[PDB]
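Engineer: Quick one: this structure, given as structure tokens, is what I'll be asking you about.
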2 protein chains.
Amino acid sequence: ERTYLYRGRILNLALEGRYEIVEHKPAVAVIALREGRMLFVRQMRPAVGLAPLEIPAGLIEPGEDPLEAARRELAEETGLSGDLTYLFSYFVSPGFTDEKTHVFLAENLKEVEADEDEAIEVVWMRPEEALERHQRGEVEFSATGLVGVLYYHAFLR
Amino acid sequence: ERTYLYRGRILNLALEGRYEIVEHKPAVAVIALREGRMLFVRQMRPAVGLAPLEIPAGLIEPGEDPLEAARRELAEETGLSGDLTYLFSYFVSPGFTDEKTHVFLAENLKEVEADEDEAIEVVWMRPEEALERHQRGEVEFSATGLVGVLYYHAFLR
Ligand SMILES: Nc1ncnc2c1ncn2[C@@H]1O[C@H](COP(=O)(O)OP(=O)(O)OC[C@H]2O[C@H](O)[C@H](O)[C@@H]2O)[C@@H](O)[C@H]1O
Ligand SMILES: Nc1ncnc2c1ncn2[C@@H]1O[C@H](COP(=O)(O)OP(=O)(O)OC[C@H]2O[C@H](O)[C@H](O)[C@@H]2O)[C@@H](O)[C@H]1O
Ligand SMILES: [Mn+2]
Ligand SMILES: [Mn+2]
Ligand SMILES: [Mn+2]
Ligand SMILES: [Mn+2]
């Protein structure tokens with residue numbers, strides 16, 4: 001039996017007995033490799049006060065399914081389209097939120113727009129270099145960035 | 001300038017201008033391999049209404065640093081100790097929360113207690129089989145479970 005303390009724009013806060021639960025829209029993320037570089041993005045994230053290394057990601061909007069949201073996010077954040085394949089999903093932090101992320105691979109990328117959402121920085125970077133910069137403390141990862149780097153090292157070399 | 005709407009036990013909800021922000025304690029997670037099996041755990045997670053495949057994980061308590069929290073969580077959840085090495089960290093979902101997870105590798109595991117926290121199920125499973133069960137829809141992953149599986153395939157085979 002959830003009791004709602006806050007109903008917001010991209011989350012709700014509820015109590016369920018002693019549990020504090022954040023309801024959140026599902027998300028998508030896209031792993032894309034070109035010429036040995038992975039497609040990362042960075043943007044200021046007020047929750048953390050910095051810009052972590054992420055892969056293109058977004059929330060699924062009403063009416064959309066994960067594949068469609070992934071296509072849209074990739075185009076809006078980086079100006080690209082590609083051939084998308086579903087990989088796997090994960091709960092970001094199931095001890096307190098129901099946010100679920102669906103991860104896709106993109107191949108054969110083409111520019112469909114001149115990126116285009118300006119507050120997001122497109123960062124093509126070899127995943128080996130992203131991992132080294134992180135190990136040396138020079139950049140933070142989001143879960144989606146780390147998943148992209150680890151998936152590359154597992155399956156795309 | 002954060003304005004607090006809710007101060008809780010393991011999270012705070014704040015507004016910062018138009019942003020909804022969940023402050024949350026940092027976490028740790030431990031990747032451990034023995035005889036080709038990875039150490040997973042499962043427990044009911046009221047936020048998601050199911051028991052995803054996770055690796056042993058917990059919140060850092062007052063006074064502790066990540067390594068110490070990792071040692072404690074591994075012992076409390078699975079009854080084991082091992083030689084711990086820091087791997088990397090990630091923000092679970094930096095579009096709305098500051099929760100950061102520090103991930104460790106454990107080697108040379110030994111039983112120090114007869115597991116011991118009973119509401120957590122210890123699930124030794126080959127990571128190849130965890131990935132196959134997930135692909136067939138039979139189990140959900142947390143981020144920590146997925147990170148463990150991908151790290152194994154990248155670096156531990
Ligand atoms: N939503 C909640 N609200 C209130 N208290 C909680 C909640 N969940 C657990 N507790 C209490 O807090 C104690 C927490 O148990 P520990 O093992 O240190 O942490 P973890 O495994 O939950 O979370 C570790 C990470 O794994 C997941 O990804 C999480 O989202 C975290 O990112 C519990 O025993 C309960 O008493
Ligand atoms: N905390 C917030 N509160 C209010 N509105 C927000 C917030 N953050 C962004 N917006 C608004 O909502 C729109 C969201 O932009 P989209 O690209 O679909 O999602 P994403 O990249 O943020 O999140 C994708 C995932 O990546 C991260 O891991 C996240 O935590 C998610 O798990 C914004 O343009 C803002 O207008
Ligand atoms: Mn985005
Ligand atoms: Mn977007
Ligand atoms: Mn735990
Ligand atoms: Mn615990």
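By convention here, the chains of the structure tokens are called A, B, ... in the order presented, each chain's residues are numbered starting at 1, and ligands are numbered starting at 1 in the order presented.
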Show me which residues sit within 7 Å of ligand 2 when counting only C-alpha atoms and all ligand atoms, and put them as a list in words.
Structural biologist: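 So the residues close to ligand 2 are residues 9, 10, 27, 28, 47, 57, 58, 59, 60, 73, 101, 142, 143 and 144 of chain A; 18, 19, 20, 21, 92, 93, 94, 95, 96 and 97 of chain B.
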Engineer: Could you save those same residues with N, CA, C and O atoms as a CSV table (one decimal), in the first residue's frame?
Structural biologist:
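Full text of result_18.csv as output:
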chain,number,residue,atom,x,y,z
A,9,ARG,N,7.5,15.5,-11.7
A,9,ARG,CA,7.7,15.5,-13.1
A,9,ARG,C,8.3,14.3,-13.7
A,9,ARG,O,7.9,13.7,-14.7
A,10,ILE,N,9.4,13.8,-13.0
A,10,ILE,CA,10.0,12.6,-13.4
A,10,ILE,C,10.2,11.6,-12.3
A,10,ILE,O,10.9,10.6,-12.4
A,27,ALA,N,14.0,4.2,-18.6
A,27,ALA,CA,15.0,4.8,-19.4
A,27,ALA,C,15.5,3.9,-20.5
A,27,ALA,O,15.4,2.7,-20.4
A,28,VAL,N,16.2,4.5,-21.4
A,28,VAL,CA,17.0,3.7,-22.4
A,28,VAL,C,18.4,4.3,-22.5
A,28,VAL,O,18.6,5.5,-22.1
A,47,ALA,N,22.0,16.8,-9.9
A,47,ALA,CA,22.0,15.9,-8.7
A,47,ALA,C,23.4,15.6,-8.2
A,47,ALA,O,23.5,15.4,-7.0
A,57,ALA,N,21.3,8.6,-23.5
A,57,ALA,CA,20.3,8.0,-22.7
A,57,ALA,C,19.1,9.0,-22.6
A,57,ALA,O,19.3,10.2,-22.6
A,58,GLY,N,17.9,8.4,-22.3
A,58,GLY,CA,16.8,9.3,-22.1
A,58,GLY,C,15.6,8.5,-21.5
A,58,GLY,O,15.7,7.3,-21.3
A,59,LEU,N,14.6,9.3,-21.2
A,59,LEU,CA,13.4,8.6,-20.6
A,59,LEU,C,12.5,8.2,-21.7
A,59,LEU,O,12.4,8.9,-22.7
A,60,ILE,N,11.7,7.1,-21.5
A,60,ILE,CA,10.7,6.7,-22.4
A,60,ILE,C,9.5,7.6,-22.2
A,60,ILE,O,9.0,7.8,-21.1
A,73,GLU,N,16.4,9.4,-28.6
A,73,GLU,CA,17.4,10.0,-27.8
A,73,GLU,C,18.7,10.0,-28.6
A,73,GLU,O,19.5,11.0,-28.5
A,101,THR,N,16.4,0.5,-16.9
A,101,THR,CA,17.1,1.0,-18.1
A,101,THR,C,17.2,-0.1,-19.1
A,101,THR,O,17.7,-1.2,-18.8
A,142,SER,N,28.6,7.5,-15.2
A,142,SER,CA,27.3,7.0,-14.8
A,142,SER,C,27.3,5.5,-15.0
A,142,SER,O,28.1,4.9,-15.7
A,143,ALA,N,26.2,4.9,-14.5
A,143,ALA,CA,26.0,3.4,-14.7
A,143,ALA,C,26.0,3.2,-16.2
A,143,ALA,O,26.6,2.2,-16.7
A,144,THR,N,25.3,4.0,-17.0
A,144,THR,CA,25.2,3.7,-18.5
A,144,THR,C,26.6,3.8,-19.1
A,144,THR,O,26.9,3.0,-20.0
B,18,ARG,N,14.2,23.7,-11.0
B,18,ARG,CA,13.1,22.8,-11.5
B,18,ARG,C,13.5,21.3,-11.3
B,18,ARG,O,12.7,20.4,-11.7
B,19,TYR,N,14.6,21.1,-10.8
B,19,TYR,CA,15.1,19.7,-10.7
B,19,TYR,C,14.7,19.0,-9.4
B,19,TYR,O,14.7,19.6,-8.3
B,20,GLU,N,14.2,17.8,-9.6
B,20,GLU,CA,13.8,16.9,-8.4
B,20,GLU,C,15.1,16.0,-8.2
B,20,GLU,O,15.6,15.3,-9.1
B,21,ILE,N,15.6,16.1,-6.9
B,21,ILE,CA,16.8,15.4,-6.6
B,21,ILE,C,16.7,14.6,-5.4
B,21,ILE,O,16.2,15.0,-4.4
B,92,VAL,N,24.6,5.8,-10.0
B,92,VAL,CA,23.5,4.9,-10.5
B,92,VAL,C,22.6,5.5,-11.5
B,92,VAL,O,22.1,4.8,-12.3
B,93,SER,N,22.3,6.8,-11.3
B,93,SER,CA,21.3,7.5,-12.2
B,93,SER,C,21.4,9.0,-11.9
B,93,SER,O,20.6,9.6,-11.2
B,94,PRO,N,22.4,9.6,-12.5
B,94,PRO,CA,22.8,10.9,-12.1
B,94,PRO,C,21.8,12.0,-12.6
B,94,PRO,O,22.0,13.2,-12.3
B,95,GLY,N,20.8,11.6,-13.4
B,95,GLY,CA,19.8,12.6,-13.8
B,95,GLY,C,18.8,12.9,-12.6
B,95,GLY,O,18.1,13.8,-12.7
B,96,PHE,N,18.9,12.1,-11.5
B,96,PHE,CA,18.0,12.4,-10.4
B,96,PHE,C,18.5,12.1,-9.0
B,96,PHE,O,18.0,12.7,-8.1
B,97,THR,N,19.5,11.3,-8.9
B,97,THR,CA,20.1,11.0,-7.6
B,97,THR,C,21.6,11.1,-7.6
B,97,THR,O,22.2,10.9,-8.6
Engineer: Can you check which residues of chain A have any atom within 9 Å of chain B? Use only C-alpha atoms and format it as a VMD selection string.
Structural biologist: chain A and resid 5 to 6 8 to 11 13 16 19 to 23 45 to 49 51 to 52 87 to 100 131 134 to 135 140 to 147 150 to 155
Engineer: Would you save the residues from that selection as a PDB file, in the first residue's frame, using C-alpha atoms?
Structural biologist:
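Output file out_24.pdb is given in full below:
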ATOM      1  CA  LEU A   5       4.445  12.083  -0.323  1.00  0.00           C
ATOM      2  CA  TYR A   6       5.368  13.850  -3.614  1.00  0.00           C
ATOM      3  CA  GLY A   8       6.519  15.107  -9.640  1.00  0.00           C
ATOM      4  CA  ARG A   9       7.678  15.524 -13.120  1.00  0.00           C
ATOM      5  CA  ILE A  10      10.049  12.595 -13.424  1.00  0.00           C
ATOM      6  CA  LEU A  11       9.536  10.906 -10.074  1.00  0.00           C
ATOM      7  CA  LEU A  13       8.099   9.588  -3.666  1.00  0.00           C
ATOM      8  CA  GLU A  16       5.346   1.481   1.585  1.00  0.00           C
ATOM      9  CA  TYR A  19      10.287   1.487   2.767  1.00  0.00           C
ATOM     10  CA  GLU A  20      10.971   4.780   0.976  1.00  0.00           C
ATOM     11  CA  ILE A  21      10.310   4.242  -2.724  1.00  0.00           C
ATOM     12  CA  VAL A  22      10.980   6.467  -5.696  1.00  0.00           C
ATOM     13  CA  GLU A  23       8.867   5.720  -8.754  1.00  0.00           C
ATOM     14  CA  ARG A  45      23.828  16.918 -13.751  1.00  0.00           C
ATOM     15  CA  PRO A  46      22.552  19.044 -10.826  1.00  0.00           C
ATOM     16  CA  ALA A  47      21.959  15.916  -8.708  1.00  0.00           C
ATOM     17  CA  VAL A  48      25.732  15.292  -8.602  1.00  0.00           C
ATOM     18  CA  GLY A  49      27.154  18.765  -9.320  1.00  0.00           C
ATOM     19  CA  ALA A  51      29.203  16.032 -15.670  1.00  0.00           C
ATOM     20  CA  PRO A  52      29.808  12.304 -15.592  1.00  0.00           C
ATOM     21  CA  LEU A  87      20.955  -6.010 -25.461  1.00  0.00           C
ATOM     22  CA  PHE A  88      19.630  -6.236 -21.877  1.00  0.00           C
ATOM     23  CA  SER A  89      18.006  -4.230 -19.090  1.00  0.00           C
ATOM     24  CA  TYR A  90      18.773  -3.421 -15.489  1.00  0.00           C
ATOM     25  CA  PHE A  91      17.246  -1.805 -12.445  1.00  0.00           C
ATOM     26  CA  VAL A  92      19.435   1.179 -11.603  1.00  0.00           C
ATOM     27  CA  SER A  93      19.074   0.843  -7.786  1.00  0.00           C
ATOM     28  CA  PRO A  94      16.273  -1.515  -6.828  1.00  0.00           C
ATOM     29  CA  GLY A  95      16.739  -0.942  -3.072  1.00  0.00           C
ATOM     30  CA  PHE A  96      14.842   2.362  -3.484  1.00  0.00           C
ATOM     31  CA  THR A  97      13.681   3.036  -7.035  1.00  0.00           C
ATOM     32  CA  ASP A  98      11.866   1.133  -9.787  1.00  0.00           C
ATOM     33  CA  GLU A  99      13.795   2.913 -12.570  1.00  0.00           C
ATOM     34  CA  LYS A 100      14.628   0.332 -15.249  1.00  0.00           C
ATOM     35  CA  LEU A 131      38.467   3.493 -18.393  1.00  0.00           C
ATOM     36  CA  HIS A 134      38.359   7.031 -14.695  1.00  0.00           C
ATOM     37  CA  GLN A 135      41.030   4.948 -12.972  1.00  0.00           C
ATOM     38  CA  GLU A 140      33.269   9.951 -13.167  1.00  0.00           C
ATOM     39  CA  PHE A 141      30.997   7.365 -14.781  1.00  0.00           C
ATOM     40  CA  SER A 142      27.282   7.013 -14.837  1.00  0.00           C
ATOM     41  CA  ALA A 143      26.012   3.421 -14.749  1.00  0.00           C
ATOM     42  CA  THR A 144      25.230   3.720 -18.468  1.00  0.00           C
ATOM     43  CA  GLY A 145      28.793   4.884 -19.263  1.00  0.00           C
ATOM     44  CA  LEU A 146      30.321   2.079 -17.222  1.00  0.00           C
ATOM     45  CA  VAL A 147      28.006  -0.524 -18.785  1.00  0.00           C
ATOM     46  CA  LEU A 150      32.429  -2.995 -19.897  1.00  0.00           C
ATOM     47  CA  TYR A 151      30.220  -4.298 -22.701  1.00  0.00           C
ATOM     48  CA  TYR A 152      32.781  -3.125 -25.258  1.00  0.00           C
ATOM     49  CA  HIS A 153      35.655  -4.851 -23.474  1.00  0.00           C
ATOM     50  CA  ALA A 154      33.599  -8.064 -23.109  1.00  0.00           C
ATOM     51  CA  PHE A 155      32.139  -8.345 -26.592  1.00  0.00           C
TER      52      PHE A 155
END
Engineer: Please run DSSP on the backbone and report, as a ChimeraX atom specification, all residues within segment 1-155 of chain B that come out as helix (DSSP H, G or I).
Structural biologist: /B:66-78,127-135,143-155
Engineer: Please return as a VMD selection string the residues found within 10 Å of ligand 4, counting only C-alpha atoms and all ligand atoms.
Structural biologist: chain A and resid 56 to 60 69 to 70 72 to 78 117 119 to 120
Engineer: What would the file look like if the residues just selected were written as an mmCIF file, in the first residue's frame with N, CA, C and O atoms?
Structural biologist:
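In the end it all went to result-v4.cif:
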data_model
loop_
_atom_site.group_PDB
_atom_site.id
_atom_site.type_symbol
_atom_site.label_atom_id
_atom_site.label_comp_id
_atom_site.auth_asym_id
_atom_site.auth_seq_id
_atom_site.Cartn_x
_atom_site.Cartn_y
_atom_site.Cartn_z
ATOM 1 N N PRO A 56 24.524 7.957 -24.656
ATOM 2 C CA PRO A 56 23.247 8.654 -24.907
ATOM 3 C C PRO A 56 22.107 7.888 -24.265
ATOM 4 O O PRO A 56 21.975 6.660 -24.396
ATOM 5 N N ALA A 57 21.288 8.617 -23.538
ATOM 6 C CA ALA A 57 20.255 7.956 -22.681
ATOM 7 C C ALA A 57 19.117 8.956 -22.554
ATOM 8 O O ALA A 57 19.290 10.181 -22.626
ATOM 9 N N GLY A 58 17.941 8.395 -22.303
ATOM 10 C CA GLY A 58 16.779 9.274 -22.101
ATOM 11 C C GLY A 58 15.628 8.514 -21.480
ATOM 12 O O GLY A 58 15.685 7.294 -21.328
ATOM 13 N N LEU A 59 14.580 9.258 -21.156
ATOM 14 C CA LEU A 59 13.399 8.625 -20.570
ATOM 15 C C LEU A 59 12.450 8.222 -21.684
ATOM 16 O O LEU A 59 12.372 8.939 -22.721
ATOM 17 N N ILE A 60 11.736 7.137 -21.490
ATOM 18 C CA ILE A 60 10.706 6.721 -22.445
ATOM 19 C C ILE A 60 9.478 7.605 -22.250
ATOM 20 O O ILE A 60 9.010 7.790 -21.118
ATOM 21 N N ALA A 69 12.193 5.038 -28.123
ATOM 22 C CA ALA A 69 12.858 6.033 -27.262
ATOM 23 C C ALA A 69 14.343 6.054 -27.525
ATOM 24 O O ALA A 69 14.956 7.142 -27.483
ATOM 25 N N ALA A 70 14.939 4.886 -27.743
ATOM 26 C CA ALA A 70 16.389 4.838 -28.018
ATOM 27 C C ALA A 70 16.736 5.557 -29.310
ATOM 28 O O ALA A 70 17.697 6.304 -29.394
ATOM 29 N N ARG A 72 15.015 7.942 -30.655
ATOM 30 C CA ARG A 72 14.805 9.373 -30.493
ATOM 31 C C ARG A 72 15.958 9.996 -29.738
ATOM 32 O O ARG A 72 16.490 11.059 -30.129
ATOM 33 N N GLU A 73 16.366 9.407 -28.621
ATOM 34 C CA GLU A 73 17.433 9.952 -27.777
ATOM 35 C C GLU A 73 18.706 10.034 -28.593
ATOM 36 O O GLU A 73 19.474 11.037 -28.507
ATOM 37 N N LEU A 74 19.004 8.984 -29.356
ATOM 38 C CA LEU A 74 20.276 9.029 -30.108
ATOM 39 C C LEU A 74 20.246 10.205 -31.069
ATOM 40 O O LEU A 74 21.237 10.954 -31.201
ATOM 41 N N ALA A 75 19.118 10.440 -31.758
ATOM 42 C CA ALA A 75 19.034 11.553 -32.701
ATOM 43 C C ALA A 75 19.065 12.904 -32.000
ATOM 44 O O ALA A 75 19.749 13.816 -32.483
ATOM 45 N N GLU A 76 18.298 13.036 -30.917
ATOM 46 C CA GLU A 76 18.209 14.332 -30.259
ATOM 47 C C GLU A 76 19.558 14.688 -29.614
ATOM 48 O O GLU A 76 19.911 15.893 -29.585
ATOM 49 N N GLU A 77 20.236 13.733 -29.019
ATOM 50 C CA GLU A 77 21.440 14.080 -28.266
ATOM 51 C C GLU A 77 22.674 14.144 -29.130
ATOM 52 O O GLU A 77 23.613 14.863 -28.774
ATOM 53 N N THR A 78 22.709 13.421 -30.253
ATOM 54 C CA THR A 78 23.942 13.304 -31.008
ATOM 55 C C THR A 78 23.735 13.489 -32.493
ATOM 56 O O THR A 78 24.735 13.591 -33.214
ATOM 57 N N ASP A 117 20.707 18.834 -29.737
ATOM 58 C CA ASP A 117 20.448 19.452 -28.414
ATOM 59 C C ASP A 117 21.782 19.919 -27.850
ATOM 60 O O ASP A 117 22.712 19.180 -27.476
ATOM 61 N N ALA A 119 22.942 21.595 -24.938
ATOM 62 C CA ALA A 119 23.426 21.364 -23.591
ATOM 63 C C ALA A 119 24.058 19.984 -23.354
ATOM 64 O O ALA A 119 24.478 19.582 -22.253
ATOM 65 N N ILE A 120 24.110 19.181 -24.430
ATOM 66 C CA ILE A 120 24.775 17.886 -24.257
ATOM 67 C C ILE A 120 26.007 17.890 -25.114
ATOM 68 O O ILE A 120 25.923 18.219 -26.329
#
Engineer: Could you tell me how far atom 9 (C, counted along the ligand's line) of ligand 1 sits from atom CA of residue 63 of chain B, in Å to one decimal place?
Structural biologist: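 About the pair atom CA of residue 63 of chain B and atom 9 (C, counted along the ligand's line) of ligand 1: they are 19.1 Å apart.
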Engineer: Find the residues near residue 109 of chain A: any atom within 7 Å, counting only C-alpha atoms, skip ones fewer than 5 places away on the same chain, and give them as a PyMOL selection string.
Structural biologist: chain A and resi 80-82
Engineer: With C-alpha atoms retained, could you export that selection as a PDB file, in the first residue's frame?
Structural biologist:
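Final file, result-v4.pdb:
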ATOM      1  CA  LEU A  80      22.752  10.220 -35.359  1.00  0.00           C
ATOM      2  CA  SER A  81      20.653   7.242 -36.404  1.00  0.00           C
ATOM      3  CA  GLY A  82      21.691   3.651 -36.671  1.00  0.00           C
TER       4      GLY A  82
END
Engineer: In terms of the shortest atom-to-atom distance over only C-alpha atoms, which of A:115, A:107, A:128, A:121 is closest to residue 83 of chain A?
Structural biologist: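 For residue 83 of chain A, the nearest of the given residues is A:107.
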Engineer: Find the residue from A:139, A:41, A:123, A:67 that sits nearest to residue 105 of chain A; use only C-alpha atoms when measuring.
Structural biologist: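 Going through A:139, A:41, A:123, A:67 one by one, the smallest distance to residue 105 of chain A is for A:67.
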Engineer: Using DSSP secondary structure from the backbone, list all strand (DSSP E) positions within segment 1-129 of chain A, as number ranges by chain.
Structural biologist: A: 2-7, 11-16, 19-24, 27-34, 37-42, 57-59, 80-91, 100-111, 121-125
